[PDB]
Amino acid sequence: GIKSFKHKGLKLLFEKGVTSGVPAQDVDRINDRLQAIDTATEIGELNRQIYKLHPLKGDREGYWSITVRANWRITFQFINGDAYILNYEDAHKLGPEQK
């Protein structure tokens, strides 16, 4: 299950169904991906082709990234069947050394 959030907008959506903290056009895709992350027992179960699942690097080693739309990513740590530090991030703000 999802145990924690860094991004308040994601948290608000996941917990309350309130969409004000994410882009409105991304709500359905974000709900689907959060549900997938919340259900997964193993990181490998999130490896649907369209998610483009990949681990991050450097200071972000230990985090994972899946695609929502274009450059937007849901990122998280995944350990012992749970997900932590859920965030919604722009991939272009990552340096080459971090991906």
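Position 1 is the first residue in the sequence shown; the rest follow in order.
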**Fill in**
Entry B factor averaged over C-alpha atoms, 55-63 against 68-76: higher for 55-63
**Item:** Of the residues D32, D26, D38, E42, the one carrying the largest Cα B-factor as recorded
**Value:** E42
**Prompt:** Can you tell me which third, lowest, middle or highest, the CA B-factor of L13 falls into for its chain?
**Reply:** middle
**Item:** Record-listed C-alpha B factor of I85: chain third
**Value:** lowest
